[PDB]
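Text of the file entry03.cif, holding mmCIF, C-alpha atoms:
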```cif
data_structure
#
loop_
_atom_site.group_PDB
_atom_site.id
_atom_site.type_symbol
_atom_site.label_atom_id
_atom_site.label_comp_id
_atom_site.auth_asym_id
_atom_site.auth_seq_id
_atom_site.Cartn_x
_atom_site.Cartn_y
_atom_site.Cartn_z
ATOM 1 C CA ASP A 2 -22.389 -20.702 -0.790
ATOM 2 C CA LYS A 3 -23.950 -18.384 1.786
ATOM 3 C CA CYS A 4 -20.720 -16.384 1.677
ATOM 4 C CA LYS A 5 -22.090 -14.511 -1.362
ATOM 5 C CA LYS A 6 -23.727 -11.094 -1.669
ATOM 6 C CA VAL A 7 -25.070 -9.797 -4.979
ATOM 7 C CA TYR A 8 -24.477 -6.132 -5.788
ATOM 8 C CA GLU A 9 -27.637 -4.236 -6.721
ATOM 9 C CA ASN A 10 -27.592 -1.014 -8.735
ATOM 10 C CA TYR A 11 -23.935 -1.069 -9.766
ATOM 11 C CA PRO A 12 -22.384 0.184 -13.039
ATOM 12 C CA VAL A 13 -21.972 -2.729 -15.448
ATOM 13 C CA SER A 14 -19.416 -0.968 -17.642
ATOM 14 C CA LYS A 15 -17.128 -0.893 -14.608
ATOM 15 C CA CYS A 16 -17.634 -4.633 -14.163
ATOM 16 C CA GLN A 17 -15.856 -4.954 -17.507
ATOM 17 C CA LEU A 18 -12.733 -5.279 -15.366
ATOM 18 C CA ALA A 19 -12.707 -8.164 -12.892
ATOM 19 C CA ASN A 20 -10.265 -5.835 -11.142
ATOM 20 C CA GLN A 21 -12.716 -2.978 -10.613
ATOM 21 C CA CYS A 22 -15.633 -5.222 -9.662
ATOM 22 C CA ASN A 23 -13.760 -7.131 -6.960
ATOM 23 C CA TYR A 24 -12.043 -3.950 -5.784
ATOM 24 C CA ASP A 25 -15.251 -1.915 -5.636
ATOM 25 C CA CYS A 26 -16.991 -4.793 -3.865
ATOM 26 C CA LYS A 27 -14.471 -4.700 -1.021
ATOM 27 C CA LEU A 28 -14.205 -0.910 -0.902
ATOM 28 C CA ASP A 29 -17.988 -0.881 -0.536
ATOM 29 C CA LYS A 30 -18.778 -4.050 1.406
ATOM 30 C CA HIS A 31 -15.216 -5.076 2.247
ATOM 31 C CA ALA A 32 -15.473 -8.659 1.005
ATOM 32 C CA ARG A 33 -12.757 -11.047 -0.163
ATOM 33 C CA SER A 34 -13.076 -10.558 -3.920
ATOM 34 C CA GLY A 35 -16.516 -9.734 -5.313
ATOM 35 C CA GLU A 36 -16.129 -10.595 -8.994
ATOM 36 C CA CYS A 37 -18.752 -9.915 -11.659
ATOM 37 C CA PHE A 38 -21.608 -12.323 -12.357
ATOM 38 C CA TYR A 39 -24.225 -12.601 -15.098
ATOM 39 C CA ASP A 40 -27.722 -12.697 -13.609
ATOM 40 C CA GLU A 41 -31.068 -12.948 -15.394
ATOM 41 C CA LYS A 42 -30.930 -9.340 -16.580
ATOM 42 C CA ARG A 43 -27.642 -10.329 -18.209
ATOM 43 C CA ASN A 44 -26.203 -7.397 -16.264
ATOM 44 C CA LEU A 45 -22.732 -7.742 -14.753
ATOM 45 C CA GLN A 46 -23.217 -7.914 -10.987
ATOM 46 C CA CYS A 47 -20.508 -7.992 -8.322
ATOM 47 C CA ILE A 48 -20.991 -10.885 -5.904
ATOM 48 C CA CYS A 49 -19.140 -10.010 -2.702
ATOM 49 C CA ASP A 50 -17.966 -13.349 -1.315
ATOM 50 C CA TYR A 51 -17.164 -13.513 2.396
ATOM 51 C CA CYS A 52 -15.204 -16.770 2.391
ATOM 52 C CA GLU A 53 -12.374 -18.741 0.793
ATOM 53 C CA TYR A 54 -13.753 -19.422 -2.682
#
```
Can you dump the structure from the file as structure tokens?
Amino acid sequence: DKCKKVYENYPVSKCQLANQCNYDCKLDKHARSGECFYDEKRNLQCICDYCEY
């Protein structure tokens, strides 16, 4: 899944809405979705995906 890019230094509270995360991801990196993901720090991170799921 190379089509994935983890967001670093991004508000987690905002990730509370799969709508904001994906939206922000595109507006910033212009990906396809960019939903939130739980990493090791348990912090919601937006993973900008540049592909078809």
Just say which residues the PyMOL selection byres ((chain A and resi 23-36) around 8) picks in this file, as an mmCIF file with C-alpha atoms, keeping the file's coordinate frame.
```
data_model
loop_
_atom_site.group_PDB
_atom_site.id
_atom_site.type_symbol
_atom_site.label_atom_id
_atom_site.label_comp_id
_atom_site.auth_asym_id
_atom_site.auth_seq_id
_atom_site.Cartn_x
_atom_site.Cartn_y
_atom_site.Cartn_z
ATOM 1 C CA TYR A 8 -24.477 -6.132 -5.788
ATOM 2 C CA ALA A 19 -12.707 -8.164 -12.892
ATOM 3 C CA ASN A 20 -10.265 -5.835 -11.142
ATOM 4 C CA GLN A 21 -12.716 -2.978 -10.613
ATOM 5 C CA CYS A 22 -15.633 -5.222 -9.662
ATOM 6 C CA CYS A 37 -18.752 -9.915 -11.659
ATOM 7 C CA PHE A 38 -21.608 -12.323 -12.357
ATOM 8 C CA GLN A 46 -23.217 -7.914 -10.987
ATOM 9 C CA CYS A 47 -20.508 -7.992 -8.322
ATOM 10 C CA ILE A 48 -20.991 -10.885 -5.904
ATOM 11 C CA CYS A 49 -19.140 -10.010 -2.702
ATOM 12 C CA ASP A 50 -17.966 -13.349 -1.315
ATOM 13 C CA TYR A 51 -17.164 -13.513 2.396
ATOM 14 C CA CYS A 52 -15.204 -16.770 2.391
ATOM 15 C CA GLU A 53 -12.374 -18.741 0.793
#
```
Between atom CA of residue 17 of chain A and atom CA of residue 40 of chain A - distance in Å to one decimal: 14.7 Å
Pairwise distance for atom CA of residue 18 of chain A and atom CA of residue 43 of chain A, rounded to one decimal in Å: 16.0 Å
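As for atom CA of residue 41 of chain A and atom CA of residue 4 of chain A, they are spaced 20.3 Å apart.
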